[PDB]
Structures are given as structure tokens and as C-alpha cells.
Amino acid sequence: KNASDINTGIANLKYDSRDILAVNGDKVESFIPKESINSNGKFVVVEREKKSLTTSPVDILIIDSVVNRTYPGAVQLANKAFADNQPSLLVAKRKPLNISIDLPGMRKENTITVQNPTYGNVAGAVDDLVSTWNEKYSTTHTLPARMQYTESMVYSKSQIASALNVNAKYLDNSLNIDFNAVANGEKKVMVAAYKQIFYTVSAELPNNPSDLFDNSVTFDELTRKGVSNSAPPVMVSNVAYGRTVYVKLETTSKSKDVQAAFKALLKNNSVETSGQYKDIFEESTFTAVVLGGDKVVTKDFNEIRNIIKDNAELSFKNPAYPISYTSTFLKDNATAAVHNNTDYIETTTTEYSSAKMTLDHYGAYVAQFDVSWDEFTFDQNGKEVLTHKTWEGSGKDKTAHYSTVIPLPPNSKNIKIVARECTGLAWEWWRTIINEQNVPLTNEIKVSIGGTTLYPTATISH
């Protein structure tokens, strides 16, 4: 009748997804690109850089408060408010629709058919299906661990969100990311989103869009109702239900390793007792919250694992809830993808600590140490400024047994160490026994020359 004008009208819309469905962070701004700083007693270089993060999800998140707007079979407007997690619902009288759960107990009795695909109803149809399988299959069958897992280091709300694929306020509201400390040397932080799926209800893509709507429905009704090239319609064609845990990992260290150290603490507990990265998980504290729909902080990460675990489980005590969903433009049944584009200031880090050099001479022969290093800094332009330093006794004759302690401040570089052994009288002749530049900056540098005139012994020990 005019179901024809729904198709014709709908068929007629022009748009590309990248356009109507985009999000964008606000042009970066200004930072100090290369600059040092002193914390924990470690001299810390600190670099900075704008990158372009470019997400592109087809698993649209779903915010608590705006939950009753997203349900399997619902029709919604593909527009900037969609792309922003507040989709506008497009209410209109409906033909009946088949929704079919994917629960374990692999049934042929899994499909239900809903007369009026309105939230409350659809919600209920799901609820039925759930506690069907839960009665007549609950243990007879068992749940395949399915998960949307994401983890990243945090720079801006704009970026963690975009990356973690979650909602910026919602996250910060629960976690409290001191993005600042982070923004300049004070702190290092990553966040993990454990999005656990227990099941996903799905909704029969309809051959022709008209098939979704009663006959009392006209195209004008739709357009006057929201529909336009700036905002075409999508069907909520699958909702994944489950449970979420967020984990916050933050540490005072600024060691290049804080990253991988975490990505690793997260995976398993083989690094936990293994002792690798031990100074870090000291200055690390962890936080885990469990999203509801209408939180613990401790220094023993094994409590965090426990919370993550308790939550890969369906239960009457821990009920599922919509979590992500999938949208199909009614036009051609393409999947809706929300193109994202945050910009941000990645502040990286590198620690450096003070060193204890140590000359020791046991040699049956007069000898000589040249020792020199460079102290490094970066200007108002982040250029490396090299301040050459040189060991007092450098070049002086020394007789066994001798020893001294040369302090090196944490920001040292190029080091360099010679040992000459005199090999006759006065300095008639001499041999070089220790000759090195670019000696590894390391908590202890131990030089030690020894033995005979004819057969010396010489070694740097780190």
C-alpha cells in the first residue's frame, strides 16, 4: 500500500557512515616535547608527542541510564547523538518480529516471536528465553568464555575512552584517572576493560524495511519522526548481555617498563612471583569496579583477579545486562560502524639512577686511571646539553693497594674509563690494560686492576 513508500523513501536516502556517524577529539594543543625532571630520586627524561588514535567499532557500547532505548529489534536514528551514546529511539507501530537467543543449550526452541517489538515486551521475551534455558538446560550445559577485552595506558579522557572502547564520563566517574600527574612525569597508569559476554539475543534482519512497521505507518510518519539523510534509520539487530569489570593499574615508577609490566601482570600470575619488575608492583596500586545498571582498591593484585573471575559467571546473584550492540542500516542492511578519532599528548618516560664507580688497584706496578663522563640535560628547546665532567685523580700515579669511590649522578653518559699500567721505571714504557668509553650506566661500576707487571688483571664489573 504505502509500505511501498517506506521502501521507496528509505531506498532514496543518501549518506556515508563516516559522515553521519563520527566522533572527534578537540585539536591537541601544547606540551613540552622533551624535558627532564627529578622524582623518587631518579632523574627522568620525559618525551611528549601528538598521535592520532583511530577507532572504528561495530560493537556500540551501551550506557546504563540510556538502556531502555536499546534492545533487540529496536529502530534508531543513525546520527551524532547515536555516535555519542544517547541514541534517539524511533517509536512507531510495528509488525511482529522474531528474536532468537544464542544460549549454550543449543536449542531449536530458542527463537521467540514478539508481536509488538517494544522494549518492555522484547525485554520480557528475552527474560523468558533466559530462564527457560536456565531451568531446562542450566547444568546439562556450560558457558563458553566469551569476552570483549581491552586495555591501554591512559593519556586523555578523549583517548582512553576511544581506545578502551568505553564511555569517557562513565569511566572517569568510576575510576578517577588523575590524567594530570600522568600528563607530566608524576605518575603512570593503565586501565583494562573486561567486558564478559554470557549471551547475545539477535533480531531477524527484515528483507524489506517496510516489514518492520505496521501499515498505519507512512514514510512521512518516519521522516517527521526523525528520518533524513543526516540521520537514517538502523535496527538494533543484536544485543550482547553480560557483565563488566574495570581495572585500574597505576604506579609511581616512570620506568620504560611500566607498560609491558602491566600488560603482563594482567594476562596471568607467572610474572607475579617470578620477581621481574619488582620495584614497580611496589609503587603500583590497583583498582577494580564492577559496573551495575541501576568497587575495591588494593595492593595485592590477586584480589583484583578474584573479582575478574567471579564475574565471568552468569548467576542469580550477578545478573547479566546489555553491554554492547550491533546496528544495521535499514537501507541495505549494512552494519553500522561509529568512526572515532581522538587526538592526544602521549607522555612517555625513561628512568635513570645514580651510580657508584669503584677503582681498586692491586697491581705490582705503578698505574693510572683516566675516568670521565657527561652529565646530560635538555634546553628550553629539548636539545641535549652535554656538560663534560672529569675525575679529579685522573692521570695521577697510584700504588697498590689503592681505591676510591667516584659518585656518578643519575643523569650520566658516555662514561669512559682508562687504566694504564707503567711497565718500567719512571714512565719509561707502559701498557694499556683497561680502555672503554660508553660504559653502561649502572648502580655499581667496579674497576679493578691487579696481578703482575708482566701479566696484569683488569676488569670492569657491573
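Numbers follow the displayed sequence, beginning with 1.
message: Unmodelled residues of the deposited sequence between residue 135 and residue 136: none, 1 to 3, 4 to 9, or 10 or more?
response: According to the record, the chain runs unbroken from residue 135 to residue 136.
message: Mean CA temperature factor from the deposited coordinates, higher in 34-42 or in 414-422?
response: Mean CA B-factor is higher for 34-42.
task: Identify the stretch, either 23-31 or 400-408, whose C-alpha atoms have the larger mean B-factor according to the entry.
output: So the stretch with the higher mean C-alpha B-factor is 23-31.
- prompt: According to the deposited entry, which of 190, 164, 239, 177 has the largest Cα B-factor?
  reply: The listed residue with the largest C-alpha B-factor is 177.
query: Of the choices 87, 232, 96, 275, which one's C-alpha carries the largest B-factor in the record?
result: Across 87, 232, 96, 275, the entry lists the biggest C-alpha B-factor for 275.
message: Which third, lowest, middle or highest, does the C-alpha temperature factor of residue 433 belong to within its own chain?
response: Within its chain, residue 433 is a lowest-third residue by C-alpha B-factor, going by the deposited values.
field: CA B-factor ranking of residue 151, expressed as a third of its chain
entry: Within its chain, residue 151 is a lowest-third residue by C-alpha B-factor, going by the deposited values.
- prompt: Hey, what third does residue 56 fall into on Cα B-factor, ranked over its chain?
  reply: Lowest third of the chain for residue 56's C-alpha B-factor.
task: Consider only the C-alpha atoms of the modelled residues in this chain, order them by B-factor as the entry records it, and name the third containing residue 219: lowest, middle or highest.
output: Middle third of the chain for residue 219's C-alpha B-factor.
- prompt: Among the modelled residues of its chain, does the C-alpha B-factor of residue 368 lie in the lowest, middle or highest third?
  reply: It belongs to the lowest third of the chain when residues are ordered by C-alpha B-factor.
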